[PDB]
Amino acid sequence: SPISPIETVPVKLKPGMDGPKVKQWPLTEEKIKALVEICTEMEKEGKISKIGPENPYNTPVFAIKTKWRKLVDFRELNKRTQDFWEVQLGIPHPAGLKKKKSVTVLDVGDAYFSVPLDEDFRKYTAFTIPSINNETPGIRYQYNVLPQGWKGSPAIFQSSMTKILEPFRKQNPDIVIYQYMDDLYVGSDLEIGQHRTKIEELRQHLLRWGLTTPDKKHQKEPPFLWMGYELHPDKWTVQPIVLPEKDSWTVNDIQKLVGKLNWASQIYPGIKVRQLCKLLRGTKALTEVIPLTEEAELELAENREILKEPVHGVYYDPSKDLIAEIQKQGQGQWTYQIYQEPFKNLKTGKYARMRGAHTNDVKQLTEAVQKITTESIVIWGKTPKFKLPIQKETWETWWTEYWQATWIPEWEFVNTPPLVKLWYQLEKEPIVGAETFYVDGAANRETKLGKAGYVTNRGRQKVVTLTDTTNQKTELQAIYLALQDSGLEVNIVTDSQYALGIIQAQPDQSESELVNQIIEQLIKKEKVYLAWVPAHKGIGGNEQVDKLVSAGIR
Amino acid sequence: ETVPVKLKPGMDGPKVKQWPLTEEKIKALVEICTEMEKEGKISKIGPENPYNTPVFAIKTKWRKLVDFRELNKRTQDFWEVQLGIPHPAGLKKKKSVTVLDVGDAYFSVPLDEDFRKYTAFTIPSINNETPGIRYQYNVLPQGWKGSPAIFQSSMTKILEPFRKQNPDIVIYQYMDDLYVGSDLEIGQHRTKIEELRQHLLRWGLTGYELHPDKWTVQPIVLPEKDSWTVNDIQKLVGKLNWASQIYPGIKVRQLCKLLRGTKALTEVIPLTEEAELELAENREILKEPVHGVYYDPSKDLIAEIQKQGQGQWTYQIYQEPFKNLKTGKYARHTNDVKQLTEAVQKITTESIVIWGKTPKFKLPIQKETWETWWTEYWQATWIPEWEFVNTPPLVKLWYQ
Ligand SMILES: NCc1cc(Cl)cc(Oc2c(Cl)ccc3c2nnn3Cc2[nH]nc3ncccc23)c1Cl
């Protein structure tokens with residue numbers, strides 16, 4: 001196997017650091033023999049060279065098993081090697097692949113061993129095959145090539161592959177080359193002949209540079225199995241997903257289930273994972289059996305149904321626009337599809353996130369549009385045209401009245417229920433002929449006890465005692481009280497910016513049962529006007545609820 | 001001959017991830033970089049450079065914008081202490097200030113061989129087909145604060161005839177731009193800019209018009225009403241109780257006296273003339289600058305922006321919260337992101353003119369919406385630092 005004639009990549013150690021000096025542990029005779037055999041073969045091939053006694057560095061060697069393998073413990077050298085640039089920013093996604101007339105897979109033979117190592121850095125790769133019972137001096141070698149397990153190998157190989165491919169890519173702009181690890185994926189729209197000719201020209205260019213690749217009878221045939229994907233000539237899919245039928249599910253079983261479903265989510269539309277994920281909440285043992293809930297059984301059933309039949313994705317056509325469609329699956333769950341030609345999907349996906357403790361479908365939909373937008377730029381270098389289950393008017397009302405700079409690129413309403421709506425709207429001005437509730441909450445921070453209440457301009461009053469509470473929980477409880485004893489139209493005055501904030505953002509869902517109860521009330525209401533005052537300023541009705549809730553508390 | 005650049009001790013070069021870029025923006029950068037390489041300004045690099053700085057393309061011709069925010073922070077001692085450019089107090093007083101892009105000057109001066117690695121950037125690829133195209137600078141890079149710092153001496157000799165001939169023209173160099181101010185009539189001012197463009201033209205280097213003297217306060221506005229409701233007074237006392245934390249001599253005692261008993265919000269309540277006395281007196285304090293607030297050169301500047309609806313935005317610049325050095329407003333086919341980037345740029349240029357430093361922004365937006373979109377509208381050669389905030393609902397109405 002050749003060692004590429006390319007210019008070496010200069011390697012440095014970390015500033016203030018010298019090479020490893022880790023003592024070789026004595027080995028068994030069988031391990032020493034195995035290593036001697038291995039090392040003399042590599043020495044012949046040019047891979048390693050014998051060194052003198054002057055070299056003071058050392059990295060330990062070991063051998064494991066009918067054939068023997070040599071394992072170098074590069075942990076110490078790796079701790080002293082300079083940092084390298086990140087090999088890759090991401091992984092190619094199948095949906096980003098164009099449909100090519102012919103595609104061939106070329107894997108590089110003994111990749112790392114085919115590329116030289118900086119002459120001035122070779123000294124730090126020094127290792128010793130010990131003598132029987134460490135009696136006499138050992139056999140000393142250093143690497144001439146990129147060693148397996150060393151920190152710079154992935155990076156230096158990739159960089160070497162880049163400089164090599166450079167002149168070929170310049171003279172063949174209509175040829176696709178995917179660089180992945182020690183593989184090269186070559187695609188073109190040439191006729192089955194001039195492509196076969198171009199592959200040999202590539203193979204030959206690579207050989208002139210120490211890199212060996214398979215010939216026609218050894219190169220793989222489609223479908224290509226790569227990274228959990230199946231790449232057929234006119235479609236792609238995920239590899240066979242088989243969901244286990246278990247009597248008892250363990251933490252580990254559900255974890256593997258969730259992972260498999262998540263992976264299936266990229267092409268199979270409608271995959272749900274919330275109810276299964278909920279079972280994984282908390283601290284439970286790998287082998288601990290989790291009984292499924294009704295909701296988890298229902299979600300598993302729907303998922304088995306989705307996966308019953310096989311689904312495929314199509315490839316990318318650069319001359320067509322991408323269309324992204326989103327649907328509300330349920331509570332906090334969003335599902336999307338991306339296509340160019342109606343309903344022939346390139347890919348699919350899901351969004352189920354909790355951005356805060358209080359949110360709404362409008363905020364969730366914009367969060368999903370941003371997630372999809374980013375993804376599209378990564379996969380295709382362009383954003384899609386959205387088809388959203390929200391009316392232009394609902395969106396317009398939200399962005400106009402919300403405090404946050406909220407935006408959505410080119411979109412269109414699509415009537416695919418459940419539709420995204422605002423469940424209630426707060427008043428802009430106080431209501432004439434509605435009772436004004438002044439609300440307050442106060443909790444003692446030693447006892448944890450608090451009081452929640454209100455006073456009205458109609459002389460009405462109420463004070464409820466609460467047990468293991470906070471000032472925030474009491475303030476929210478006070479609002480709930482005022483909503484409960486109110487009637488269709490209310491003006492509410494609070495000194496809580498915290499409560500003001502939650503309610504003002506029009507939440508339709510919360511991780512707080514109290515906030516969900518407030519939502520239930522706000523919906524039933526015809527008109528609500530929420531106003532704010534500074535606390536402890538002796539303000540009108542505010543000083544009155546203050547004295548009432550403070551009594552025996554603060 | 002290169003000026004040796006040393007990084008701040010203990011910390012090393014920037015290792016900042018590259019953002020996804022659209023097909024159009026990548027092609028624009030590849031074309032730009034191929035050319036800069038041919039011209040020897042940038043060199044293709046090895047994997048042995050662990051450093052990275054993000055790169056973007058802005059706009060009628062595409063231009064490369066390198067985000068040196070992390071490199072700048074890491075070289076602060078160099079461009080600020082060691083090689084600082086003094087900021088003129090006169091610039092903010094000038095009737096006109098023209099901004100000129102002078103960043104093309106930087107590529108005539110080489111970068112210290114031992115600092116070049118710290119300028120690494122990557123042109124990304126679509127669907128990760130290709131490893132990014134990696135490069136580093138051989139010349140002073142545009143967007144790095146160390147560039148005007150080093151070029152300072154060369155800029156001094158280019159401007160010397162112009163300055164000797166025009167002693168009342170203020171010239172300030174901030175990053176890639178030159179800020180040229182005069183108290184002349186607009187025609188004579190525009191004539192003097194053309195004259196300076198000719199001086200710059202003999203050395204290689206090749207307008208945007210501000211009027212700093214016509215920049216005024218955005219006072220905390222106190223309403224002027226016939227009928228005052230319980231709610232209107234409550235809203236007024238809230239606004240004044242908060243202004244009293246900034247401004248010395250604010251009084252609410254008389255307006256507060258009115259808010260007695262648990263009254264209905266819609267109830268019209270007559271005013272007491274002593275309450276009108278306070279109103280008048282507070283309105284007067286609110287129009288004038290804040291007493292006791294001074295710019296501290298060693299402390300960072302903060303800018304806060306609030307969406308007011310109807311395409312209007314309010315902002316405040318301070319160093320210590322609510323101790324406001326400046327307040328203002330930005331008013332607008334536009335969207336919130338486009339509007340927000342426009343306000344960020346206007347506030348930054350005013351901040352450069354007034355203090356010689358960009359503020360760190362508290363943006364009322366989603367990190368992701370901002371990240372994906374900001375480049376679609378960005379026009380400036382610099383990028384300020386920014387945080388993402390959840391605007392308190394009251395800060396919005398007290399600044400309305
Ligand atoms: N190791 C996997 C692998 C991963 C990656 Cl990320 C890229 C790969 O190579 C392709 C190239 Cl170079 C171009 C189009 C492709 C490819 N793969 N699929 N399609 C679409 C396509 N066009 N024509 C095809 N003919 C046969 C199979 C798929 C085809 C390969 Cl084989």
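In listed order, ligands and their atoms are each counted from 1. Computation of the quantities below employed the complete heavy-atom set of this structure, encompassing side-chain atoms and omitting hydrogens, waters and symmetry-equivalent molecules. Residue numbering restarts at 1 for every chain, and letters A, B, ... go by the order of the sequence lines.
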If we set the cut-off at 4.0 Å for heavy atoms, which region of [X] has an atom near ligand 1: side chain, backbone, both, or neither?
X        : answer
A:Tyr315 : side chain
B:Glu129 : neither
A:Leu231 : both
A:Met227 : neither
B:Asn127 : neither

Item to check | Face-on cation placement of B:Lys17 at B:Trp19 ring, 6.0 Å and 45° thresholds | outcome: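 No cation-pi geometry.
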Item to check | Geometric cation-pi criterion A:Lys371 and A:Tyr336, 6.0 Å radius, 45° cone | outcome: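 No, cation not above the ring by the 6.0 Å, 45° rule.
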Starting from [atom], locate the nearest protein heavy atom and write down its residue, its atom name and how far away it is, to 0.1 Å.
atom                     : result
atom 25 (N) of ligand 1  : A:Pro233 CA, 3.8 Å
atom 14 (C) of ligand 1  : A:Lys98 O, 3.4 Å
atom 6 (Cl) of ligand 1  : A:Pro92 CB, 3.5 Å
atom 8 (C) of ligand 1   : A:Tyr185 CB, 3.3 Å
atom 24 (C) of ligand 1  : A:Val103 CG1, 3.7 Å
atom 31 (Cl) of ligand 1 : A:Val105 CG2, 3.4 Å

Donor-acceptor check, side chain of [X] to backbone of [Y], threshold 3.5 angstrom: yes or no?
X        : Y        : result
B:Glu129 : A:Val176 : no
B:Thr119 : B:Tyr137 : yes
A:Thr237 : A:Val311 : yes

Checklist entry - About how many Å separate CD1 of A:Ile156 and CE of A:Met161, when rounded to the nearest 0.5 Å? => result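 The CE atom of A:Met161 sits 15.5 Å away from the CD1 atom of A:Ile156.
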Considering only heavy atoms of [X], which atoms of ligand 1 have at least one such atom less than 4.0 Å away?
X        : result
A:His232 : 27 (C), 28 (C), 29 (C)
A:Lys99  : 22 (N)
A:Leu97  : 6 (Cl), 7 (C), 16 (C), 17 (N), 18 (N), 19 (N)
A:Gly187 : 12 (Cl)

Checklist entry - What about A:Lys100: any of its N or O atoms under 3.5 Å from an N or O on ligand 1? => result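 Yes, A:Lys100 has an N/O under 3.5 Å of an N/O on ligand 1.
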Next on the checklist: In this structure, is the centre-to-centre distance between the rings of A:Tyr229 and A:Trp263 below 6.0 Å?
Outcome noted: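 Centroid separation for A:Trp263 and A:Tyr229: below 6.0 Å.
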Checklist entry - Ring centroid separation for A:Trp150 and A:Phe121, is it under 6.0 angstrom? => result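 Between A:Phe121 and A:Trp150, which both carry aromatic rings, the centre distance is below 6.0 Å.
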Checklist entry - Any salt bridge between B:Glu376 and B:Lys25, counting N to O under 4.0 Å? => result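 A salt bridge is present here (some side-chain N lies under 4.0 Å from a carboxylate O).
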Checklist entry - Any ion pair linking A:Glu375 and A:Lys347 (charged N to carboxylate O, less than 4.0 Å)? => result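 Yes, A:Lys347 and A:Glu375 are salt-bridged.
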